Amino acid sequence: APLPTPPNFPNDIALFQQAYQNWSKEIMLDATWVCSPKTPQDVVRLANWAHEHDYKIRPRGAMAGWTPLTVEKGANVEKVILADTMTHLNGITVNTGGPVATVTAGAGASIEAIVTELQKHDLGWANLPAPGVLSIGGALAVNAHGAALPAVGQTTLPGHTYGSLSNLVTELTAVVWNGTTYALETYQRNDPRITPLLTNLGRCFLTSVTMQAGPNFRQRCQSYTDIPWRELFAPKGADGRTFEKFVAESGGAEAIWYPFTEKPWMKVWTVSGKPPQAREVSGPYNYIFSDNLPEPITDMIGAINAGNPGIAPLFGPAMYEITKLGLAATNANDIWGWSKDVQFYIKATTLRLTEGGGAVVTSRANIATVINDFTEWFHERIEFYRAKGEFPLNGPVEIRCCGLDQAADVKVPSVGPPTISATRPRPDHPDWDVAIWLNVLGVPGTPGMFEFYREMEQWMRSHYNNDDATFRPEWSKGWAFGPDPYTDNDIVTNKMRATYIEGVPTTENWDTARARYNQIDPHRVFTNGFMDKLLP
Ligand SMILES: Cc1cc2nc3c(=O)[nH]c(=O)nc-3n(C[C@H](O)[C@H](O)[C@H](O)COP(=O)(O)OP(=O)(O)OC[C@H]3O[C@@H](n4cnc5c(N)ncnc54)[C@H](O)[C@@H]3O)c2cc1C
Ligand SMILES: C[As](C)(=O)[O-]
Ligand SMILES: C[As](C)(=O)[O-]
Ligand SMILES: [Mn+2]
Ligand SMILES: [Mn+2]
């Protein structure tokens, strides 16, 4: 069924109708209006047109995400235009000459494309998200990050950050109200106005960004599937092959622990000179068994989807075995290459899942305790539900750490970190210097799963709430589980604000960010109904 034709739409911007679905298909719309602006000036034309006709505009990147910040479930989108940035707003230029090398990218450029160009100039980023498909605008919007820390004794090379990609921004350009009309405006990192824009949840429309780059580096990625979970996730100072020891020795680490299994898949990244035992790779996405699944597994997933959640204790071990056998068969337990080739490992063809948990901001010395508390709690819960015949949990626990948006990493003049990034340092706790990402993944539609994600969100908020650690939702994942994600009204309208006014000055907090967003867009062109609840 055709949507109403928009009134007097700019004649040279082609409009087409497409479906929209979020990653888990928990948001599904049969029809939306879409266009692909050719230049930043065309986004300006779209915004002024929208203002004049009471339409809304949303930037559309790779759609590799879950939140309702583009379109909401069940929403009337008759007066909404989605502006695909990836078709044309994708230019990339490396700039070598200043206090630091930089790269200027259209907001629709993919992060893989950006860092591929950086590699040609012997440059790179230290803390990359796992999927390269992401648009840079979409990555910045949520403080996108990887699993990287420096090893003990490792210095941060000039230009690099172990925080979010949002910490690397030296300048950006956005569509902004000037008092009479929307126009392009450019902000430098030393401008107080920029900090809410560095992580903006799509409340602002970025057309281009410039980001610092450091030197590229070679990196090893070793996999282990032979460490029992209680050994890996042990209390502080324990014997054996512990998570904290890997972080000390190597810096970068991520564990994937399938449900009802004994041994995680642990990945450890070490900066280098190739180790004799490692296999050199020349491209990303080196885990072929995880981008493509065979028939016995897809049959289990099919049977789960058909109403058999009791397959979970068979499915977890089956996924572990595909991983163990696949790593061995393809000789991928010990690989080495440029940063991007070992840090990009999730292809867009990966199994569609939905996520809970979030971030714990704390001191580096407290990593073992945070992880041990979470994994012991999780294990007790999953076994508790199994004993009652209930299987709310059929995907892995995933755990990784990175750094925060440290001022020391920024090599241009700067007014500070992103205002509302989950990676923003806490001024009241200068010793808090890591973010621990504690995620749980599950098959969409699983009975009891969102109830459990609510149970977990409540537990994390209450448990990680003291002088040693605090909890922040991961913007890009599920949160405000009511029990469905993004539906607990108290969390959306009260507790997210509370999180982002805690421990920070009233001159640079959640309310500062809201004020800036409304100054830039008082007509609320760059909003939807969910945005209006979260950021009034
Ligand atoms: C399987 C998978 C793995 C992932 N792994 C990681 C991970 O390793 N680390 C990590 O940090 N994240 C990860 N993500 C989450 C991902 O970073 C976010 O979902 C991201 O926002 C998606 O970017 P996108 O380009 O697909 O944008 P979209 O999904 O199209 O949009 C996402 C958000 O960005 C905003 N946005 C897009 N373009 C602009 C723009 N030009 N200006 C202003 N706002 C804009 C939108 O309004 C929206 O809020 C993963 C996601 C998936 C699906
Ligand atoms: C690598 As992940 C927990 O953001 O899907
Ligand atoms: C309970 As408190 C003051 O550590 O946020
Ligand atoms: Mn608190
Ligand atoms: Mn203490």
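What's counted below: heavy atoms across the whole structure, side chains too, no hydrogens, waters or symmetry copies. This chain uses plain numbering: 1 for the first residue, then up along the sequence. Order of listing sets the numbers, starting from 1, for every ligand and every atom in it.
Take the N/O/S atoms of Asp468: the one nearest the Mn ion (ligand 5) is OD1. Among heteroatoms of the N, O or S kind in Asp467, OD1 lies nearest the Mn ion (ligand 5). Distances from the Mn ion (ligand 4) to each N, O or S atom of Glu502 single out OE2 as the nearest.
Below 4.0 Å from some heavy atom of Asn466 lie the following atoms of ligand 3, by number and element: 4 (O).
Screening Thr375, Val440, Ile399 for a side chain to side chain contact (heavy atoms under 4.5 Å, CB included) with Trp257, the sole residue that qualifies is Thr375. Test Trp377, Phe481, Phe391, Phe384 against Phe452 for ring pair (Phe, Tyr, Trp, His ring centres under 6.0 Å) and you get one pass: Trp377. Of the residues listed (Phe374, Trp459, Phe471), the one engaging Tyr464 in a ring pair (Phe, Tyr, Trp, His ring centres under 6.0 Å) is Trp459, and it is the only one. Only one option out of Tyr287, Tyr345, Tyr258 pairs with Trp265 in a ring pair (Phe, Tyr, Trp, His ring centres under 6.0 Å); it is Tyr287.
Taking the ring centre of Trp23 as origin, the terminal cationic atom of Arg352 falls inside the region bounded by 6.0 Å and 45° from the ring axis. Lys73 forms no cation-pi arrangement with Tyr486, by the criterion of a distance under 6.0 Å to the ring centre and an angle within 45° of the ring axis.
Protein heavy atom at the shortest distance from atom 2 (As) of ligand 3 is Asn465 OD1, 3.8 Å. Ranking protein heavy atoms by distance to atom 5 (O) of ligand 3, first place goes to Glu502 OE2, 3.0 Å.
Among the backbone and side-chain atoms of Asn466, no N/O/S atom is found under 2.8 Å from the Mn ion (ligand 4).
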